[PDB]
Amino acid sequence: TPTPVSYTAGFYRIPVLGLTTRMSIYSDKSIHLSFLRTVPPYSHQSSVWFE
Amino acid sequence: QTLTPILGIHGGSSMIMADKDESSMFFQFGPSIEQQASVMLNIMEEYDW
(Lines give C-alpha, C1' and ligand atoms only; values in the text may rest on other atoms or scores of the structure.)
Protein backbone atom coordinates (compact mmCIF):
# COMPACT_ATOMS: atom_id res chain seq x y z
CA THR A 1 0.00 0.00 0.00
CA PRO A 2 2.92 2.51 0.47
CA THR A 3 4.21 0.75 -2.72
CA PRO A 4 2.81 2.48 -5.92
CA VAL A 5 4.41 5.93 -5.75
CA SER A 6 7.76 4.29 -4.91
CA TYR A 7 7.56 2.45 -8.23
CA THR A 8 6.59 5.49 -10.27
CA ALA A 9 9.00 7.95 -8.68
CA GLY A 10 11.65 5.22 -8.28
CA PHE A 11 12.11 4.86 -12.04
CA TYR A 12 14.24 7.97 -12.42
CA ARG A 13 17.49 6.67 -10.76
CA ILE A 14 16.39 7.84 -7.32
CA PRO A 15 18.69 7.20 -4.32
CA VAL A 16 17.81 5.64 -1.03
CA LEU A 17 14.81 7.05 0.88
CA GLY A 18 13.79 6.31 4.50
CA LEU A 19 9.99 6.26 4.88
CA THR A 20 8.66 4.26 7.96
CA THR A 21 6.78 1.78 5.78
CA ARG A 22 5.71 -1.87 6.19
CA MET A 23 7.47 -3.08 3.04
CA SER A 24 9.04 -6.47 3.58
CA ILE A 25 9.79 -6.26 -0.18
CA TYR A 26 12.58 -3.73 0.46
CA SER A 27 15.42 -6.22 0.00
CA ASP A 28 14.88 -6.43 -3.75
CA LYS A 29 17.68 -4.08 -4.76
CA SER A 30 17.03 -4.20 -8.49
CA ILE A 31 13.31 -3.32 -8.39
CA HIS A 32 14.12 -0.44 -6.02
CA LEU A 33 17.30 1.63 -5.88
CA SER A 34 15.51 3.72 -3.23
CA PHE A 35 14.37 1.94 -0.07
CA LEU A 36 15.66 2.25 3.51
CA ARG A 37 13.70 1.15 6.48
CA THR A 38 13.46 3.17 9.67
CA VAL A 39 11.61 0.38 11.50
CA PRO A 40 12.43 -3.33 11.21
CA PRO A 41 10.29 -5.39 8.84
CA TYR A 42 7.90 -8.24 9.48
CA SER A 43 10.65 -10.83 9.02
CA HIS A 44 13.23 -8.97 11.16
CA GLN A 45 11.90 -10.49 14.40
CA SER A 46 14.06 -13.52 13.58
CA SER A 47 17.38 -12.63 15.22
CA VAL A 48 15.19 -11.33 18.08
CA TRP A 49 14.10 -14.97 18.24
CA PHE A 50 17.68 -16.19 17.77
CA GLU A 51 18.74 -14.44 20.97
CA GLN B 1 -3.94 -2.91 -11.61
CA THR B 2 -5.79 -3.33 -14.91
CA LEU B 3 -6.08 -7.16 -15.33
CA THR B 4 -5.20 -6.94 -19.00
CA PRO B 5 -2.71 -9.07 -20.95
CA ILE B 6 0.49 -7.63 -22.36
CA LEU B 7 2.87 -9.74 -24.42
CA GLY B 8 6.03 -9.21 -26.41
CA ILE B 9 9.71 -9.55 -27.16
CA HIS B 10 10.78 -6.08 -27.23
CA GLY B 11 13.54 -3.54 -26.52
CA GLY B 12 15.63 -3.31 -23.38
CA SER B 13 13.67 -6.10 -21.71
CA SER B 14 16.13 -8.82 -22.69
CA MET B 15 15.39 -11.71 -20.29
CA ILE B 16 14.26 -9.63 -17.33
CA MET B 17 14.15 -11.54 -14.03
CA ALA B 18 12.10 -10.04 -11.22
CA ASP B 19 9.57 -10.72 -8.47
CA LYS B 20 6.56 -9.54 -10.43
CA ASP B 21 3.09 -9.78 -8.96
CA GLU B 22 0.82 -12.82 -8.83
CA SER B 23 -2.19 -11.02 -10.30
CA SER B 24 -0.28 -9.42 -13.15
CA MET B 25 -1.35 -10.56 -16.61
CA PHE B 26 1.76 -10.51 -18.80
CA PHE B 27 4.21 -12.93 -20.37
CA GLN B 28 7.20 -11.95 -22.44
CA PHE B 29 10.48 -13.23 -23.41
CA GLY B 30 11.49 -16.70 -24.60
CA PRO B 31 13.80 -19.00 -22.63
CA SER B 32 14.61 -18.49 -18.96
CA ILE B 33 18.12 -17.66 -17.75
CA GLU B 34 18.45 -21.22 -16.53
CA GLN B 35 17.06 -22.68 -19.72
CA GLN B 36 19.77 -20.48 -21.25
CA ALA B 37 22.19 -22.17 -18.88
CA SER B 38 20.83 -25.53 -20.06
CA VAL B 39 21.61 -24.65 -23.68
CA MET B 40 25.00 -23.43 -22.40
CA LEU B 41 25.37 -26.91 -20.96
CA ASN B 42 24.44 -28.44 -24.31
CA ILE B 43 27.15 -26.23 -25.74
CA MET B 44 29.71 -27.45 -23.28
CA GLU B 45 28.56 -31.04 -24.00
CA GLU B 46 29.43 -30.54 -27.67
CA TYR B 47 33.21 -30.09 -27.21
CA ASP B 48 33.38 -31.47 -23.60
CA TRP B 49 34.26 -28.06 -22.25
# chains A, B, ... in the order shown; residues from 1 in each chain; ligands from 1
call {"tool": "residues_around", "arguments": {"residues": "residue 18 (chain B)", "least_positions_apart": "4", "cutoff": "10 Å", "atoms": "only C-alpha atoms", "output": "ChimeraX atom specification"}}
result
/A:28,30-31
call {"tool": "closest_atom_pairs", "arguments": {"of": "chain B", "to": "chain A", "cutoff": "10 Å", "atoms": "only C-alpha atoms", "output": "Markdown table"}}
result
| residue | atom | partner | partner_atom | distance |
| --- | --- | --- | --- | --- |
| B:17 | CA | A:30 | CA | 9.6 |
| B:18 | CA | A:31 | CA | 7.4 |
| B:19 | CA | A:31 | CA | 8.3 |
| B:20 | CA | A:31 | CA | 9.4 |
call {"tool": "atom_distance", "arguments": {"atom1": "CA of residue 13 (chain B)", "atom2": "CA of residue 11 (chain A)"}}
result
14.7 Å
call {"tool": "atom_distance", "arguments": {"atom1": "CA of residue 5 (chain B)", "atom2": "CA of residue 24 (chain B)"}}
result
8.2 Å
call {"tool": "select_by_dssp", "arguments": {"residues": "region 5-36 of chain A", "states": "alpha helix (DSSP H)", "output": "PyMOL selection string"}}
result
chain A and resi 5-8
call {"tool": "write_last_selection", "arguments": {"atoms": "N, CA, C and O atoms", "output": "PDB file, in the first residue's frame"}}
result
ATOM      1  N   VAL A   5       3.643   4.729  -5.437  1.00  0.00           N
ATOM      2  CA  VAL A   5       4.410   5.928  -5.753  1.00  0.00           C
ATOM      3  C   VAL A   5       5.917   5.690  -5.691  1.00  0.00           C
ATOM      4  O   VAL A   5       6.681   6.396  -6.360  1.00  0.00           O
ATOM      5  N   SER A   6       6.359   4.682  -4.937  1.00  0.00           N
ATOM      6  CA  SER A   6       7.763   4.287  -4.906  1.00  0.00           C
ATOM      7  C   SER A   6       8.204   3.662  -6.221  1.00  0.00           C
ATOM      8  O   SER A   6       9.340   3.877  -6.663  1.00  0.00           O
ATOM      9  N   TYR A   7       7.267   3.051  -6.935  1.00  0.00           N
ATOM     10  CA  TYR A   7       7.558   2.453  -8.231  1.00  0.00           C
ATOM     11  C   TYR A   7       7.571   3.514  -9.310  1.00  0.00           C
ATOM     12  O   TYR A   7       8.415   3.465 -10.212  1.00  0.00           O
ATOM     13  N   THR A   8       6.630   4.453  -9.256  1.00  0.00           N
ATOM     14  CA  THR A   8       6.591   5.495 -10.270  1.00  0.00           C
ATOM     15  C   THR A   8       7.778   6.426 -10.079  1.00  0.00           C
ATOM     16  O   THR A   8       8.602   6.592 -10.986  1.00  0.00           O
TER      17      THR A   8
END
call {"tool": "select_by_dssp", "arguments": {"residues": "chain A", "states": "strand (DSSP E or B)", "output": "CSV table (one decimal) with N, CA, C and O atoms, in the first residue's frame"}}
result
chain,number,residue,atom,x,y,z
A,17,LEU,N,15.8,6.3,0.1
A,17,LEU,CA,14.8,7.0,0.9
A,17,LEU,C,14.4,6.3,2.1
A,17,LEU,O,14.3,5.0,2.1
A,18,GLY,N,14.1,7.0,3.2
A,18,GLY,CA,13.8,6.3,4.5
A,18,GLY,C,12.4,6.7,4.8
A,18,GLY,O,12.2,7.9,5.1
A,35,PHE,N,15.0,2.1,-1.4
A,35,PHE,CA,14.4,1.9,-0.1
A,35,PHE,C,15.4,1.9,1.1
A,35,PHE,O,16.5,1.3,0.9
A,36,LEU,N,14.9,2.3,2.2
A,36,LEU,CA,15.7,2.3,3.5
A,36,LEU,C,14.7,2.2,4.6
A,36,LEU,O,13.8,3.0,4.7
call {"tool": "residues_around", "arguments": {"residues": "residue 26 (chain B)", "least_positions_apart": "3", "cutoff": "10 Å", "atoms": "only C-alpha atoms", "output": "PDB file with N, CA and C atoms, in the first residue's frame"}}
result
ATOM      1  N   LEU B   3      -5.672  -5.792 -14.969  1.00  0.00           N
ATOM      2  CA  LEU B   3      -6.077  -7.159 -15.328  1.00  0.00           C
ATOM      3  C   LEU B   3      -6.113  -7.389 -16.838  1.00  0.00           C
ATOM      4  N   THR B   4      -5.166  -6.784 -17.557  1.00  0.00           N
ATOM      5  CA  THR B   4      -5.199  -6.939 -18.996  1.00  0.00           C
ATOM      6  C   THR B   4      -3.877  -7.490 -19.516  1.00  0.00           C
ATOM      7  N   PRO B   5      -3.930  -8.393 -20.494  1.00  0.00           N
ATOM      8  CA  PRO B   5      -2.713  -9.065 -20.952  1.00  0.00           C
ATOM      9  C   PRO B   5      -1.811  -8.185 -21.795  1.00  0.00           C
ATOM     10  N   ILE B   6      -0.507  -8.360 -21.596  1.00  0.00           N
ATOM     11  CA  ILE B   6       0.490  -7.628 -22.363  1.00  0.00           C
ATOM     12  C   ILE B   6       1.573  -8.637 -22.701  1.00  0.00           C
ATOM     13  N   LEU B   7       1.872  -8.780 -23.985  1.00  0.00           N
ATOM     14  CA  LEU B   7       2.871  -9.742 -24.424  1.00  0.00           C
ATOM     15  C   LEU B   7       3.998  -9.008 -25.130  1.00  0.00           C
ATOM     16  N   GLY B   8       4.947  -9.788 -25.647  1.00  0.00           N
ATOM     17  CA  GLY B   8       6.028  -9.214 -26.415  1.00  0.00           C
ATOM     18  C   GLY B   8       7.468  -9.584 -26.131  1.00  0.00           C
ATOM     19  N   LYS B  20       7.806 -10.165 -10.015  1.00  0.00           N
ATOM     20  CA  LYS B  20       6.562  -9.540 -10.429  1.00  0.00           C
ATOM     21  C   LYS B  20       5.380 -10.116  -9.647  1.00  0.00           C
ATOM     22  N   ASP B  21       4.262  -9.400  -9.718  1.00  0.00           N
ATOM     23  CA  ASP B  21       3.086  -9.777  -8.957  1.00  0.00           C
ATOM     24  C   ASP B  21       2.363 -11.004  -9.505  1.00  0.00           C
ATOM     25  N   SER B  23      -1.014 -11.396  -9.537  1.00  0.00           N
ATOM     26  CA  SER B  23      -2.191 -11.019 -10.301  1.00  0.00           C
ATOM     27  C   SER B  23      -1.868 -10.218 -11.549  1.00  0.00           C
TER      28      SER B  23
END
call {"tool": "atom_distance", "arguments": {"atom1": "CA of residue 28 (chain B)", "atom2": "CA of residue 12 (chain B)"}}
result
12.1 Å
call {"tool": "closest_residue", "arguments": {"among": "A:39, A:47, A:23, A:16", "to": "residue 1 (chain A)", "atoms": "only C-alpha atoms"}}
result
A:23
